[PDB]
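Student: Below you will find the structure I want to go over with you.
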Amino acid sequence: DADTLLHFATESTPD
Amino acid sequence: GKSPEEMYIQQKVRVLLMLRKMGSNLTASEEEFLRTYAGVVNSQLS
Amino acid sequence: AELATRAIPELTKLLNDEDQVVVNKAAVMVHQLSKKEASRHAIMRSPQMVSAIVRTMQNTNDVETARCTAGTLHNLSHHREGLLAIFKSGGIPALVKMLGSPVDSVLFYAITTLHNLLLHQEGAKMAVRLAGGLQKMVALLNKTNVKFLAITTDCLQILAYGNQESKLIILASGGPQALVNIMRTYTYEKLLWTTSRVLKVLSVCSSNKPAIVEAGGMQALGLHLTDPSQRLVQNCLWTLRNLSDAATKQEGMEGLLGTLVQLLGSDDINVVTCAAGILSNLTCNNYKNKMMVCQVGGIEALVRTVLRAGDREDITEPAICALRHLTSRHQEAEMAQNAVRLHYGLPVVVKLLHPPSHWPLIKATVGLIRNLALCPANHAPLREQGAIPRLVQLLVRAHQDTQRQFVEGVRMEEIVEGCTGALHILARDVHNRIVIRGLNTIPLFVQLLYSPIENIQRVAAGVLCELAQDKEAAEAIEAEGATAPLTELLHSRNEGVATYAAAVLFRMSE
């Protein structure tokens with residue numbers, strides 16, 4: 001159970 | 001290890017020491033066992 | 001009026017005269033007429049006039065003229081017909097060339113006129129890119145006039161939005177470092193805001209991302225997280241989050257981390273959501289960041305955040321993940337494990353194991369419980385919250401699934417492994433072992449011993465090993481035919497599997 005990453009890609013406005 | 005018996009004992013010591021190293025508690029019997037065979041313990045532990 | 005028939009045509013002829021002396025004069029005059037509506041329309045409706053102005057501007061050597069012609073185009077760009085005429089007169093290539101001008105008044109007119117074209121004139125973006133405007137603009141980011149910089153940075157944003165090619169050119173021109181420098185140097189809100197938007201756009205590019213992080217982007221953006229400007233703060237948070245999955249190796253992060261922990265208390269859902277996401281990524285496999293976050297009260301702040309979030313998973317998932325990271329593999333993991341309980345977090349944590357929680361959240365929650373169970377003081381309270389029966393239910397259902405792939409992006413193999421892993425740790429307590437055995441789980445753990453997945457084998461052998469420390473339980477495990485499958489695990493390359501399996505065998509026979 002290693003630590004995990006969350007991948008985000010908000011280029012404008014999340015919706 | 002010059003017999004199946006001595007082989008059993010040597011591996012049991014090794015497993016118990018690793019078990020404790022991995023963070024699990026040993027039982028009272030196992031605790032006594034490790035004392036009875038402190039020699040073996042010290043061997044592979046040294 | 002006489003504007004169309006006499007004025008404009010005469011002036012446009014003068015702007016082409018050889019004796020540039022009569023030109024600088026005409027330039028001045030035209031500039032004045034552009035200042036008044038009536039004559040401004042006469043100018044924009046004369047292709048010959050507009051062309052003469054463009055030509056003159058990019059050929060003059062007389063500053064006063066360069067400024068007057070550029071200013072004229074600037075005033076025309078306010079109108080739709082003006083934007084089109086400049087565009088058709090080849091004004092973009094000319095304006096871009098003017099960005100190399102040594103006269104500040106000229107640069108301001110040129111950049112603002114281009115900004116107007118980029119904002120409203122169809123075809124403007126391509127024209128600017130083709131004229132090499134991106135390189136010119138980035139090179140201008142070393143100027144110090146903040147209103148000028150605010151316009152220039154916005155131009156880059158307009159040009160870079162959704163355009164990879166442009167993002168790469170900005171990168172090749174040193175954009176990342178120039179933009180980060182601006183964030184650490186100026187205090188003009190509008191410039192910080194426009195610059196943060198350019199950075200946000202670039203932060204989704206796999207090439208610009210690492211560059212921004214290397215230039216000190218994380219720390220630079222962190223300097224504005226408490227600014228009164230909400231638009232600025234939010235854009236910085238968005239950029240930070242986009243970059244966060246690639247900055248787990250930066251330092252000088254104390255301030256950023258401190259502020260993020262504070263933002264968890266915000267009443268602004270978007271602020272809290274972004275803050276949780278960023279903290280989760282920055283604590284991922286980085287013991288120093290884990291140490292600092294706990295140091296500034298991160299555990300309490302995160303627990304409170306989870307409490308307030310309720311069923312909102314955009315907040316609880318990253319927050320629970322952050323907590324999982326923070327309660328593992330670092331000097332202060334034990335205090336963190338204790339802190340979660342001390343700040344009344346155990347009840348909600350266990351609560352998240354139940355519907356409406358979705359799988360991704362369930363997976364993170366089980367991992368957190370597993371870490372919390374490493375703290376003996378959490379054994380009784382976790383039990384008293386009903387964690388064990390739920391963990392068993394999750395385990396049983398997931399195993400049955402793998403026997404009959406990604407459910408919401410989660411394989412049940414992971415649930416089987418995770419729940420068994422949490423039970424393995426919980427089994428360290430005598431009372432938990434009684435509950436566990438009473439749920440008739442031994443037969444299942446024995447079957448998990450045949451799992452083709454090594455990690456499942458390890459935790460299955462693990463929980464049986466803990467359960468076997470009690471005489472009666474060891475007998476029951478042997479009575480379940482565990483001996484055969486355990487013996488088969490003795491030669492595993494995985495030390496854990498080999499050790500736990502051997503231990504159960506020694507405990508069953510002793």
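Labels used: A, B, ... for chains in the order of the structure tokens, numbers from 1 for residues in each chain, and numbers from 1 for ligands as shown.
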Residues of chain C within 12 Å of chain B, counting only C-alpha atoms - could you list those as an MDAnalysis selection string?
Tutor: chainID C and resid 374 424:430 462:471 474 490 495:507 509:510
Student: Since we have the selection now, will you write its residues out, keeping N, CA, C and O atoms, as a short mmCIF file (atom, residue, chain, number, x, y, z; two decimals), in the first residue's frame?
Tutor:
```cif
data_model
loop_
_atom_site.label_atom_id
_atom_site.label_comp_id
_atom_site.auth_asym_id
_atom_site.auth_seq_id
_atom_site.Cartn_x
_atom_site.Cartn_y
_atom_site.Cartn_z
N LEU C 374 -2.21 0.54 13.32
CA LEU C 374 -0.84 0.29 13.77
C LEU C 374 -0.67 0.89 15.16
O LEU C 374 0.27 0.56 15.88
N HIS C 424 -5.43 -7.79 9.17
CA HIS C 424 -4.13 -8.32 9.60
C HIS C 424 -3.57 -7.48 10.76
O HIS C 424 -3.05 -8.00 11.74
N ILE C 425 -3.68 -6.16 10.62
CA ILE C 425 -3.18 -5.26 11.65
C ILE C 425 -4.11 -5.25 12.86
O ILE C 425 -3.66 -5.27 14.01
N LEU C 426 -5.42 -5.23 12.60
CA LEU C 426 -6.40 -5.22 13.67
C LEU C 426 -6.29 -6.47 14.52
O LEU C 426 -6.54 -6.43 15.72
N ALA C 427 -5.91 -7.58 13.88
CA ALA C 427 -5.77 -8.86 14.58
C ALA C 427 -4.65 -8.85 15.63
O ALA C 427 -4.40 -9.86 16.29
N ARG C 428 -3.96 -7.72 15.77
CA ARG C 428 -2.90 -7.63 16.78
C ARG C 428 -3.51 -7.58 18.18
O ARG C 428 -2.85 -7.91 19.16
N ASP C 429 -4.78 -7.19 18.25
CA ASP C 429 -5.50 -7.07 19.51
C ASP C 429 -6.34 -8.31 19.78
O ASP C 429 -7.05 -8.80 18.90
N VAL C 430 -6.26 -8.82 21.01
CA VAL C 430 -6.97 -10.04 21.39
C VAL C 430 -8.48 -9.97 21.19
O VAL C 430 -9.08 -10.93 20.72
N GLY C 462 -0.69 -13.47 6.80
CA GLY C 462 -0.48 -12.55 7.90
C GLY C 462 -1.56 -12.59 8.97
O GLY C 462 -1.26 -12.74 10.16
N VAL C 463 -2.82 -12.46 8.56
CA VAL C 463 -3.92 -12.47 9.53
C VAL C 463 -4.06 -13.83 10.22
O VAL C 463 -4.39 -13.90 11.41
N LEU C 464 -3.81 -14.91 9.49
CA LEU C 464 -3.88 -16.23 10.10
C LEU C 464 -2.77 -16.38 11.13
O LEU C 464 -2.96 -17.01 12.17
N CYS C 465 -1.62 -15.76 10.85
CA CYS C 465 -0.48 -15.80 11.76
C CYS C 465 -0.83 -15.12 13.07
O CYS C 465 -0.54 -15.65 14.15
N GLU C 466 -1.47 -13.95 13.00
CA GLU C 466 -1.88 -13.22 14.20
C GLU C 466 -2.93 -14.02 14.97
O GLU C 466 -2.86 -14.16 16.19
N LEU C 467 -3.91 -14.53 14.23
CA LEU C 467 -4.98 -15.32 14.83
C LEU C 467 -4.42 -16.56 15.51
O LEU C 467 -4.93 -17.00 16.54
N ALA C 468 -3.37 -17.12 14.92
CA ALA C 468 -2.75 -18.33 15.45
C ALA C 468 -2.00 -18.13 16.76
O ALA C 468 -1.58 -19.11 17.38
N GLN C 469 -1.82 -16.89 17.20
CA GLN C 469 -1.09 -16.68 18.45
C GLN C 469 -1.92 -17.15 19.64
O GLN C 469 -1.39 -17.27 20.74
N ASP C 470 -3.21 -17.39 19.43
CA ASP C 470 -4.07 -17.91 20.48
C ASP C 470 -4.21 -19.41 20.18
O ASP C 470 -4.52 -19.79 19.04
N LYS C 471 -3.99 -20.25 21.19
CA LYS C 471 -4.07 -21.70 21.04
C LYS C 471 -5.32 -22.21 20.34
O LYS C 471 -5.23 -22.93 19.36
N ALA C 474 -5.43 -21.39 16.65
CA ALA C 474 -4.45 -22.14 15.88
C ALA C 474 -5.02 -23.51 15.54
O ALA C 474 -4.86 -24.01 14.43
N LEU C 490 5.88 -21.76 1.50
CA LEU C 490 7.18 -21.71 2.15
C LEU C 490 8.33 -21.29 1.25
O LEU C 490 9.29 -20.69 1.71
N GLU C 495 9.50 -12.43 1.40
CA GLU C 495 9.83 -12.75 2.78
C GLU C 495 8.63 -12.79 3.71
O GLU C 495 8.56 -13.65 4.60
N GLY C 496 7.71 -11.85 3.53
CA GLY C 496 6.53 -11.83 4.36
C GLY C 496 5.72 -13.10 4.20
O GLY C 496 5.41 -13.78 5.19
N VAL C 497 5.39 -13.44 2.95
CA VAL C 497 4.62 -14.65 2.70
C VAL C 497 5.30 -15.88 3.31
O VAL C 497 4.66 -16.68 4.00
N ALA C 498 6.60 -16.02 3.07
CA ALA C 498 7.35 -17.16 3.59
C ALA C 498 7.41 -17.21 5.11
O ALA C 498 7.27 -18.28 5.71
N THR C 499 7.60 -16.05 5.74
CA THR C 499 7.68 -15.98 7.19
C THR C 499 6.35 -16.23 7.89
O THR C 499 6.27 -17.01 8.83
N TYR C 500 5.30 -15.55 7.43
CA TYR C 500 3.99 -15.73 8.04
C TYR C 500 3.50 -17.16 7.87
O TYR C 500 2.97 -17.76 8.81
N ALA C 501 3.68 -17.71 6.67
CA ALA C 501 3.26 -19.08 6.41
C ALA C 501 4.00 -20.04 7.34
O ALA C 501 3.40 -20.92 7.95
N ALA C 502 5.32 -19.88 7.46
CA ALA C 502 6.10 -20.75 8.33
C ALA C 502 5.62 -20.61 9.78
O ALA C 502 5.43 -21.60 10.48
N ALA C 503 5.39 -19.37 10.20
CA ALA C 503 4.93 -19.11 11.56
C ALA C 503 3.60 -19.80 11.87
O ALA C 503 3.45 -20.39 12.94
N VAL C 504 2.64 -19.74 10.96
CA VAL C 504 1.36 -20.40 11.22
C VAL C 504 1.58 -21.91 11.43
O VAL C 504 0.98 -22.52 12.31
N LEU C 505 2.45 -22.50 10.61
CA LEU C 505 2.74 -23.92 10.72
C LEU C 505 3.38 -24.26 12.07
O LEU C 505 3.01 -25.24 12.71
N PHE C 506 4.34 -23.44 12.51
CA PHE C 506 4.98 -23.67 13.80
C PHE C 506 3.96 -23.51 14.93
O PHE C 506 3.97 -24.26 15.90
N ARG C 507 3.06 -22.54 14.79
CA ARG C 507 2.04 -22.30 15.80
C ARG C 507 0.95 -23.36 15.82
O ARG C 507 0.38 -23.64 16.88
N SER C 509 1.36 -26.59 15.11
CA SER C 509 1.91 -27.81 15.67
C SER C 509 2.40 -27.70 17.11
O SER C 509 2.38 -28.68 17.85
N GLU C 510 2.85 -26.52 17.51
CA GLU C 510 3.35 -26.35 18.87
C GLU C 510 2.28 -26.60 19.94
O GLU C 510 2.21 -27.74 20.45
#
```
Student: Show me, as a Markdown table, the residues of chain A having an atom within 7 Å of chain C, each with the closest atom pair and its distance in Å, using only C-alpha atoms.
Tutor:
```
| residue | atom | partner | partner_atom | distance |
| --- | --- | --- | --- | --- |
| A:3 | CA | C:284 | CA | 5.0 |
| A:4 | CA | C:284 | CA | 6.0 |
| A:5 | CA | C:281 | CA | 5.3 |
| A:6 | CA | C:281 | CA | 6.3 |
| A:7 | CA | C:245 | CA | 6.4 |
| A:8 | CA | C:242 | CA | 5.0 |
| A:9 | CA | C:242 | CA | 5.3 |
| A:10 | CA | C:238 | CA | 6.5 |
| A:11 | CA | C:201 | CA | 5.0 |
```
Student: So that I can check the secondary structure, give me every residue of chain B assigned alpha helix (DSSP H) by backbone DSSP, as number ranges by chain.
Tutor: B: 4-21, 28-36, 38-45
Student: Give me, please, the distance in Å between CA of residue 49 in chain C and CA of residue 9 in chain C, quoted to one decimal.
Tutor: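 Pair CA of residue 49 in chain C / CA of residue 9 in chain C returns 7.2 Å.
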Student: Tell me, as a list in words, which residues lie within 8 Å of residue 392 in chain C, counting only C-alpha atoms; anything in the same chain fewer than 2 positions away does not count.
Tutor: residues 388, 389, 390, 394, 395, 396, 419, 439 and 441 of chain C
Student: Take the residues just selected and output them with N, CA, C and O atoms as a tab-separated table (two decimals), in the first residue's frame.
Tutor:
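out-v5.tsv, freshly written:
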```
chain	number	residue	atom	x	y	z
C	388	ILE	N	-14.73	-3.81	11.91
C	388	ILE	CA	-14.47	-5.20	11.57
C	388	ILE	C	-15.56	-5.90	10.75
C	388	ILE	O	-15.26	-6.50	9.72
C	389	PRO	N	-16.83	-5.83	11.18
C	389	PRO	CA	-17.86	-6.50	10.36
C	389	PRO	C	-17.92	-5.90	8.96
C	389	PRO	O	-18.05	-6.63	7.98
C	390	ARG	N	-17.83	-4.58	8.86
C	390	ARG	CA	-17.87	-3.94	7.55
C	390	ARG	C	-16.66	-4.34	6.70
C	390	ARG	O	-16.81	-4.61	5.51
C	394	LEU	N	-16.97	-6.23	3.13
C	394	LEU	CA	-16.32	-5.74	1.91
C	394	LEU	C	-15.43	-6.82	1.33
C	394	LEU	O	-15.45	-7.07	0.12
C	395	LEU	N	-14.65	-7.46	2.19
C	395	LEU	CA	-13.75	-8.52	1.78
C	395	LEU	C	-14.48	-9.68	1.12
C	395	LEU	O	-14.14	-10.10	0.02
C	396	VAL	N	-15.49	-10.21	1.81
C	396	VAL	CA	-16.26	-11.33	1.28
C	396	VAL	C	-16.90	-11.01	-0.06
C	396	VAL	O	-16.80	-11.80	-1.00
C	419	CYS	N	-8.68	-4.90	2.57
C	419	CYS	CA	-9.45	-5.27	3.75
C	419	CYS	C	-8.72	-6.36	4.54
C	419	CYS	O	-8.68	-6.32	5.76
C	439	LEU	N	-16.75	-14.01	13.13
C	439	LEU	CA	-17.40	-13.69	11.87
C	439	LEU	C	-17.18	-14.83	10.89
C	439	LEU	O	-17.52	-14.73	9.72
C	441	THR	N	-14.43	-16.11	9.53
C	441	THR	CA	-13.56	-15.69	8.44
C	441	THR	C	-12.39	-16.62	8.15
C	441	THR	O	-11.80	-16.56	7.07
```
Student: Need to verify the contact set: residue 9 in chain B, 12 Å, only C-alpha atoms, exclusion of same-chain residues closer than 3 positions in sequence. Can you return it as number ranges by chain?
Tutor: B: 1-6, 12-16, 30, 33-34, 36-41; C: 506
Student: Pick out the residues sitting within 7 Å of residue 8 in chain C, and hand them over as a count of residues only; count only C-alpha atoms, and ignore anything fewer than 4 positions along from it in its own chain.
Tutor: 6
Student: Can you work out the spacing between CA of residue 74 in chain C and CA of residue 135 in chain C in Å, to one decimal?
Tutor: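 Computing the Euclidean distance for CA of residue 74 in chain C and CA of residue 135 in chain C yields 21.7 Å.
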Student: What's the 9 Å shell around residue 103 in chain C, counting only C-alpha atoms, without same-chain residues fewer than 2 positions away, as number ranges by chain?
Tutor: C: 63, 66-67, 100-101, 105-108
Student: If I take CA of residue 446 in chain C and CA of residue 410 in chain C, how far is one from the other in Å, to one decimal?
Tutor: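 For CA of residue 446 in chain C relative to CA of residue 410 in chain C, the distance reads 24.1 Å.
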Student: With a distance cut-off of 9 Å and only C-alpha atoms, select the neighbouring residues of residue 79 in chain C, excluding the residue or stretch itself and same-chain residues fewer than 5 positions from it, and output the selection as a PyMOL selection string.
Tutor: chain C and resi 41+44+84
